[PDB]
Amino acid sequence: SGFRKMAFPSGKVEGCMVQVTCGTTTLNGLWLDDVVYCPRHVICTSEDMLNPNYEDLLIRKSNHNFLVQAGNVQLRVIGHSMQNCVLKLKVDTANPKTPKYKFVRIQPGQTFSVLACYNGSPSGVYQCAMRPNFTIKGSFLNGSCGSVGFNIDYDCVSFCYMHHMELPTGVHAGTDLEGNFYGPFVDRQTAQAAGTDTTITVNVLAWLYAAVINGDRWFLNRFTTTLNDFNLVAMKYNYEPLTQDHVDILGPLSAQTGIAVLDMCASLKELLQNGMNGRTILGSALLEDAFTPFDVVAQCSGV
């Protein structure tokens, strides 16, 4: 038993990270087959990052302006193109460690693992949730751009995130691997604001089931409620409304514990109105929404 925020093993991705330098700007790239993907602002100097015209910037470069290193080995760039906010560099060597992979775009509320890298070298791995306002709460310093987010299904790596920027509030924003931003952001060094964030209700319920499976039962009661009565309370506290599809997704957890979803909603309703009164759930004094129902099933189905 036990319940921990955990990331996928990063081995398959570590073999794909390279260092990309253009001028005095260095960041990370993702090397799959004979292509290196990286944020397009690698072609910027500092004066350029306030209002870059990327099309002008790119036409003034040639292949030999791009320094790509895979550890010690230097990769020869033989072509380059821009695809939305990512640069695609054709190199002369296919990465022999290329895993089975796909490019997917995730939805708010879903989780993924981030492999933080600096200078082409993996540094740490952690799980993030895509927030309803299309930001993530990461840990990123200068030089981290081009670090990627991913999930592992079967033997296949699904890449879903590439890191580009930090917003003034300390949260992080980036693109999918086709170069399209999550959220209404642009890759310019100007002050941008994210929308209001909300709490992911289906995730909170999944985490309350995890708590019950691990022996934290103090917040349960015999009450029940209806979807409508719950959703009217939820929207007062900035919680996402709950759909019938969410109830269905929680099925396996309701079956394993014998506690119906609408019963758990009544417990959540009480915690929202009364608070937790110095009590904790799974070691937290706050309601956690960072775990999907699938994350919970993966750690709790064996209990």
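Sequential numbering from 1, following the sequence displayed.
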Tell me which of 18-26 and 289-297 has the higher mean C-alpha B-factor in the deposited entry.
18-26
Do the C-alpha atoms of 112-120 or of 192-200 have the higher average B factor in the entry?
192-200
Among the choices 72, 158, 133, 83, identify the one whose CA B-factor in the record is greatest.
72
Between 222, 102, 163, 105, which carries the biggest CA temperature factor in the record?
222
Going by the CA temperature factor in the PDB record, which third of the chain does residue 38 belong to: lowest, middle or highest?
lowest
Using the B-factors in the PDB entry, rank residue 142's C-alpha atom against the chain and give the third, lowest, middle or highest.
middle
Residue 78: CA B-factor among chain residues, third -> highest
Going by the entry, which third of its chain does the Cα temperature factor of residue 168 land in?
highest
Comparing residue 125 with the other modelled residues of its chain, is its CA B-factor in the lowest, middle or highest third?
lowest
